Structure formats: structure tokens, C-alpha cells
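Participant: So that we are looking at the same thing, I have put the structure below in C-alpha cells.
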Amino acid sequence: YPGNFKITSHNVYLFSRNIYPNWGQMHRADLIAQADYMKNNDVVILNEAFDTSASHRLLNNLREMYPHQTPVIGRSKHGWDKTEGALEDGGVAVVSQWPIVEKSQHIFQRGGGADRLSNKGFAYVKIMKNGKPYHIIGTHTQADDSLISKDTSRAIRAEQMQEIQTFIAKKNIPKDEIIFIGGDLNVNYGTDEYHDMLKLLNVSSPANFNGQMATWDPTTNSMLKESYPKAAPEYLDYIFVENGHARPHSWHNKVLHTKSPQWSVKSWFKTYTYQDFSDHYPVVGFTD
């Protein structure tokens with residue numbers, strides 16, 4: 001204990017097809033669920049599963065491997081043990097090959113810019129694996145927005161990180177049980193804000209961490225080459241172990257740069273062809 005526990009987190013970039021109809025959402029819901037990186041996990045955390053149909057499709061495709069699932073947060077009170085804490089849901093779901101004995105959602109109380117149009121938050125699950133409990137918080141926090149200052153987006157993320165810690169404190173989870181916190185934290189590795197995030201979530205950097213990677217990379221990602229070709233690569237997606245609770249000897253993160261099969265979309269008269277599952281790369285968290 002925790003043993004050979006493995007979590008993959010992927011911000012899958014499934015925006016509303018009503019607003020962004022031509023980004024391959026329905027097809028990528030198949031490609032992602034068929035990909036090797038989605039196999040052999042204990043738990044999978046999804047982010048940006050916003051589009052109603054594509055997200056339903058993806059979660060459905062994932063049922064074979066991961067039958068125990070939460071709803072996407074911020075849709076309604078249905079399918080949750082508890083709800084606490086907008087054109088759109090929060091885009092976060094958690095799926096498991098292991099039974100879920102508790103699941104609740106918490107919608108963030110602060111938000112800024114375009115993020116105010118979505119019920120962003122976090123999902124909490126308690127799963128049982130072979131007689132042993134595992135606690136997983138999946139989340140997707142406030143982004144930097146052109147129309148809000150970086151001080152403002154930093155403050156909002158700091159408040160949202162506190163929402164997570166307040167929930168964990170209130171939960172009174174036994175210290176001999178492990179808590180994971182993962183998803184797109186929207187804090188770039190190795191910055192002052194990264195330092196502070198460690199304190200606010202009460203976590204440490206995974207072992208032998210390689211930050212030279214980028215989980216959001218316009219220099220390599222075919223979808224970002226189109227939309228943000230000039231932006232600097234960032235490292236934004238993490239899976240952490242909480243420090244006040246049980247820990248493995250070794251906890252690691254690895255960014256997976258795997259390309260998807262080629263896929264194409266049309267907009268007006270023109271064909272656009274891509275080879276990525278999402279604009280973010282998936283991250284795998286594992287004990288050594």
C-alpha cells in the first residue's frame with residue numbers, strides 16, 4: 001500500500017460543438033478511448049469534457065475498461081452522493097476499474113473571465129481496490145484569460161486550491177490512507193506560483209521530476225500549431241500525492257507525447273488535418 005497504483009489524467013479538449021463545431025470532438029471521443037495510453041490504469045481523470053454528446057460518447061466508450069464512473073461535474077445534482085460549492089458544466093469526470101464507495105462534487109466559488117461561463121470545480125471519489133481505500137480528487141482550475149490580469153487569475157487559482165484543501169480537511173480522511181489530487185492545475189512548473197501551489201494543496205513535486213517537458217506545447221502539438229502557434233510551451237497538468245496522508249516510497253509523473261491516428265475536419269470549403277488526441281498531452285502518475 002499504495003503499491004502498483006496508476007492514474008492517468010488527460011485534459012481531452014472537448015469544447016461545446018454548438019460554439020466550436022469543427023474540432024473533431026465526436027471522432028476524438030473514439031480515438032482517445034481506443035488509445036493504448038487509456039488502458040491499464042486504476043483510475044482516469046478527465047478534464048474539458050464539456051460538449052454534452054462527445055463527453056457522453058467518451059465516457060461510454062470507456063465503460064468496458066472503467067465501469068465505475070462519476071458524472072461530469074457541474075451538470076446537476078444527479079449521480080453524486082453530495083454536491084457543494086454558467087453556460088456549461090465543469091468538464092471534469094473520474095472513472096475507475098474499481099468500485100466507487102463515495103463520490104461528491106464541489107463547484108468553485110470564484111471564477112474569472114470566460115471561465116465564469118463554466119461550472120469549474122472538482123470531483124472526489126473514494127475507491128476500493130482489493131480491500132484497500134484510495135482517494136482521488138480530479139480538478140481543472142482557472143486559466144489565464146486575455147481579459148483578466150495574471151495577478152487576478154493567480155488569486156482565483158489560489159482560492160480554488162484552498163477550496164480543495166478545505167474539503168480535504170473537513171473530510172477527516174484517516175492519515176494512513178492515500179489522497180491523490182490531479183488534473184490541469186493551470187500553474188506552470190518551476191514558477192513562484194508553482195512553489196506556492198505546493199503549499200496551498202499541501203503536496204510535493206513527483207520524484208525525479210522533469211519540467212523540461214511541456215504538457216501544453218505549441219511547438220509539437222498539431223492542434224496548437226493552428227490555434228496558438230506563437231505561445232510559449234507550458235507544463236500545467238499534474239497528479240500529486242497529498243502530504244498529510246499516506247505516501248508511496250516513490251511517486252512519479254510522465255508526460256505522454258503520443259500522437260493520435262491522423263484525422264480531418266472541414267470548415268467552410270477547407271480541410272484541416274491533425275494528429276493529436278487533444279491540445280494537452282496526457283500525464284501518467286505511478287509508484288515505482
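By convention here, the chains of the C-alpha cells are called A, B, ... in the order presented, each chain's residues are numbered starting at 1, and ligands are numbered starting at 1 in the order presented.
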Give me the residues near stretch 234-247 of chain A as number ranges by chain, where near means some atom within 7 Å (using only C-alpha atoms) and where sequence neighbours in that chain fewer than 5 positions away do not count.
Facilitator: A: 175-189, 202-203, 206, 211, 213-217, 253, 283, 285
Participant: Take the residues from that selection and put them in a file with C-alpha atoms, as a tab-separated table (two decimals), in the first residue's frame.
Facilitator:
chain	number	residue	atom	x	y	z
A	175	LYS	CA	-3.84	9.65	7.68
A	176	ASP	CA	-2.93	6.07	6.86
A	177	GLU	CA	-4.99	6.42	3.63
A	178	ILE	CA	-3.61	7.96	0.41
A	179	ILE	CA	-5.07	11.07	-1.32
A	180	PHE	CA	-4.24	11.99	-4.92
A	181	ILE	CA	-5.01	15.40	-6.45
A	182	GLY	CA	-4.72	15.57	-10.22
A	183	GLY	CA	-5.74	17.40	-13.40
A	184	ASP	CA	-4.97	20.64	-15.20
A	185	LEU	CA	-3.89	22.92	-12.37
A	186	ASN	CA	-3.07	25.79	-14.83
A	187	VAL	CA	0.13	26.57	-12.85
A	188	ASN	CA	3.31	26.42	-14.91
A	189	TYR	CA	6.05	24.28	-13.34
A	202	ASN	CA	-0.05	20.53	0.63
A	203	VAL	CA	1.77	18.41	-1.98
A	206	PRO	CA	6.76	13.94	-8.02
A	211	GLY	CA	9.88	20.03	-16.01
A	213	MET	CA	8.67	18.62	-20.69
A	214	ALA	CA	5.55	20.59	-21.63
A	215	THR	CA	2.02	19.26	-21.35
A	216	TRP	CA	0.74	22.23	-23.41
A	217	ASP	CA	3.17	22.57	-26.32
A	253	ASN	CA	4.64	11.73	-13.34
A	283	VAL	CA	0.08	12.62	-17.82
A	285	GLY	CA	1.08	9.10	-12.27
Participant: Name the residues in contact with stretch 80-83 of chain A at a cut-off of 7 Å, using only C-alpha atoms, excluding same-chain residues fewer than 5 positions from it; report them as a ChimeraX atom specification.
Facilitator: /A:102-106
Participant: Now that the selection is made, can you save its residues with C-alpha atoms as an mmCIF file, in the first residue's frame?
Facilitator:
data_model
loop_
_atom_site.group_PDB
_atom_site.id
_atom_site.type_symbol
_atom_site.label_atom_id
_atom_site.label_comp_id
_atom_site.auth_asym_id
_atom_site.auth_seq_id
_atom_site.Cartn_x
_atom_site.Cartn_y
_atom_site.Cartn_z
ATOM 1 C CA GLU A 102 -18.175 7.582 -2.290
ATOM 2 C CA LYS A 103 -18.391 10.360 -4.905
ATOM 3 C CA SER A 104 -19.101 14.054 -4.477
ATOM 4 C CA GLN A 105 -18.626 17.256 -6.478
ATOM 5 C CA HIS A 106 -17.594 20.722 -5.437
#
Participant: Output as an MDAnalysis selection string all residues of stretch 5-254 of chain A that backbone DSSP marks as strand (DSSP E).
Facilitator: chainID A and resid 6:14 43:49 68:69 82:84 93:96 100:107 121:129 132:140 178:184 237:241 251:254
Participant: Could you pull out the alpha helix (DSSP H) residues of stretch 92-261 of chain A, going by DSSP on the backbone, and write them as a PyMOL selection string?
Facilitator: chain A and resi 150-171+192-201+222-227
Participant: In Å, rounded to a single decimal, give me how far atom CA of residue A:248 is from atom CA of residue A:65.
Facilitator: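 One can read the atom CA of residue A:65 to atom CA of residue A:248 distance as 25.1 Å.
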Participant: Which residues are near residue A:122? Cut-off 9 Å, only C-alpha atoms, ignore same chain within fewer than 2 positions. Put them as JSON, numbers by chain.
Facilitator: {"A": [73, 90, 92, 93, 104, 105, 106, 107, 108, 120, 124, 137, 138, 139, 140, 141, 164]}
Participant: For the residues in the current selection, export N, CA, C and O atoms as a short mmCIF file (atom, residue, chain, number, x, y, z; two decimals), in the first residue's frame.
Facilitator:
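part_8.cif was written with the following content:
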data_model
loop_
_atom_site.label_atom_id
_atom_site.label_comp_id
_atom_site.auth_asym_id
_atom_site.auth_seq_id
_atom_site.Cartn_x
_atom_site.Cartn_y
_atom_site.Cartn_z
N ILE A 73 -18.81 16.91 -13.59
CA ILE A 73 -19.23 17.86 -12.54
C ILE A 73 -19.99 19.04 -13.13
O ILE A 73 -19.74 19.41 -14.27
N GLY A 90 -18.52 21.65 -15.63
CA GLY A 90 -17.11 21.88 -15.27
C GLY A 90 -16.09 21.04 -16.00
O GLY A 90 -14.89 21.26 -15.85
N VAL A 92 -15.04 18.06 -15.74
CA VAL A 92 -14.24 17.04 -15.00
C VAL A 92 -15.04 15.77 -14.72
O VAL A 92 -16.12 15.85 -14.20
N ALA A 93 -14.48 14.62 -15.06
CA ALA A 93 -15.05 13.35 -14.60
C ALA A 93 -13.94 12.43 -14.12
O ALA A 93 -12.81 12.59 -14.52
N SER A 104 -18.45 12.77 -4.65
CA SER A 104 -19.10 14.05 -4.48
C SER A 104 -18.45 15.09 -5.40
O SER A 104 -17.38 14.86 -5.95
N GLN A 105 -19.14 16.20 -5.62
CA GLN A 105 -18.63 17.26 -6.48
C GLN A 105 -18.65 18.57 -5.72
O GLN A 105 -19.52 18.82 -4.87
N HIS A 106 -17.71 19.43 -6.07
CA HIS A 106 -17.59 20.72 -5.44
C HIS A 106 -17.30 21.74 -6.51
O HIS A 106 -16.26 21.67 -7.17
N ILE A 107 -18.22 22.67 -6.67
CA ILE A 107 -18.12 23.68 -7.72
C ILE A 107 -17.44 24.91 -7.12
O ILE A 107 -17.88 25.42 -6.08
N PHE A 108 -16.40 25.40 -7.79
CA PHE A 108 -15.63 26.54 -7.27
C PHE A 108 -16.49 27.78 -7.10
O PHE A 108 -17.40 28.03 -7.89
N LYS A 120 -16.73 25.19 -13.21
CA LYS A 120 -15.48 24.50 -12.89
C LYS A 120 -15.46 24.16 -11.39
O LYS A 120 -16.16 24.80 -10.59
N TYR A 124 -14.60 14.29 -6.20
CA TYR A 124 -13.89 13.48 -5.22
C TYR A 124 -14.47 12.07 -5.36
O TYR A 124 -15.67 11.92 -5.42
N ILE A 137 -8.92 13.15 -6.08
CA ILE A 137 -9.56 14.42 -6.42
C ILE A 137 -9.07 14.79 -7.81
O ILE A 137 -7.85 14.87 -8.07
N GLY A 138 -10.04 14.96 -8.73
CA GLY A 138 -9.77 15.35 -10.12
C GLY A 138 -10.30 16.78 -10.28
O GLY A 138 -11.37 17.11 -9.78
N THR A 139 -9.54 17.63 -10.95
CA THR A 139 -9.90 19.08 -10.99
C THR A 139 -9.37 19.72 -12.24
O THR A 139 -8.49 19.17 -12.93
N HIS A 140 -9.88 20.91 -12.51
CA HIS A 140 -9.41 21.73 -13.62
C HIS A 140 -9.69 23.16 -13.15
O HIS A 140 -10.84 23.57 -13.00
N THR A 141 -8.61 23.88 -12.86
CA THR A 141 -8.71 25.21 -12.23
C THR A 141 -8.72 26.35 -13.29
O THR A 141 -8.53 26.13 -14.47
N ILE A 164 -10.08 23.13 -2.30
CA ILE A 164 -9.70 21.72 -2.31
C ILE A 164 -9.17 21.30 -0.92
O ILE A 164 -9.61 20.30 -0.33
#
Participant: Please provide as a PyMOL selection string all residues within 8 Å of residue A:281, with the sequence filter that same-chain residues fewer than 5 positions apart are discarded (counting only C-alpha atoms).
Facilitator: chain A and resi 10-11+215-216+255-258
Participant: Within 6 Å of residue A:96, counting only C-alpha atoms, which residues qualify if same-chain residues fewer than 4 places away don't, as a list in words?
Facilitator: residues 42, 43, 66 and 68 of chain A
Participant: Enter the distance from atom CA of residue A:147 to atom CA of residue A:17, in Å, rounded to one decimal.
Facilitator: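 Those two atoms sit 23.5 Å apart.
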